[PDB]
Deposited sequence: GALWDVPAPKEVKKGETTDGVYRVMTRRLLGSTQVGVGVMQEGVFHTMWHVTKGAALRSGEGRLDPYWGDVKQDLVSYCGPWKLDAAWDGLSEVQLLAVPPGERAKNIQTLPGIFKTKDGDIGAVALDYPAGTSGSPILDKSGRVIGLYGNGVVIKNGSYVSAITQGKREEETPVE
């Protein structure tokens, strides 16, 4: 329940992704959990909302994260790679241009188990999650943000 960034683990044990606890809601990417319930201590977190097209899912309540990249400023990926301490990587996002508008994108390539790691603005707010993207042979992740 405590606010923070979390590893998402499966069972030996393997890290399949990352997510964000904020305001009592756990936020991660659909492709990480496929909506499955999650254990947290002796408690269980049940899915509340999800959407395959956005590649997002929330647990215990509705999606709470609503900050957005300002289009000009550097951001930080708070990467939580498997087997490694949470670390911040600063970058200037590029842009995914789509028929429905532009999306920030980060040209950073971390292990798959890093999917769900939060991208932060200078104020410390989560502007989206890392791990849904495209290849150009370097991977580029959208900054994926839901709707509050």
## Note on the structure
According to the entry, C-alpha coordinates are missing for deposited residues 1-16, 28-30, 156-157, 170-176
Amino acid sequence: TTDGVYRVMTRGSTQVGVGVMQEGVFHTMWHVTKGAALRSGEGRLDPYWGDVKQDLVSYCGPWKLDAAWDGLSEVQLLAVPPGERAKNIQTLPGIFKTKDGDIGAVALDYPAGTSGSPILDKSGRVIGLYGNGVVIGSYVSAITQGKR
From here on, numbers count along this sequence of modelled residues.
### Query
Do at least a third of the other entries of this protein fail to model residue 12?
no
### Task
Go through the other compared entries with residues on either side of residue 137 and state whether a third or more give it no coordinates.
yes
### Task
Tell me which of 35-43 and 55-63 has the higher mean C-alpha B-factor in the deposited entry.
35-43
### Query
Which is higher on average in the deposited entry, the C-alpha temperature factors of 24-32 or of 117-125?
117-125
### Query
How does residue 101 rank on Cα B-factor within its chain, lowest, middle or highest third?
highest
### Query
residue 18: which third of its chain by C-alpha temperature factor?
lowest
### Task
Quick one: classify residue 93 as lowest, middle or highest third of the chain based on its Cα B-factor.
lowest
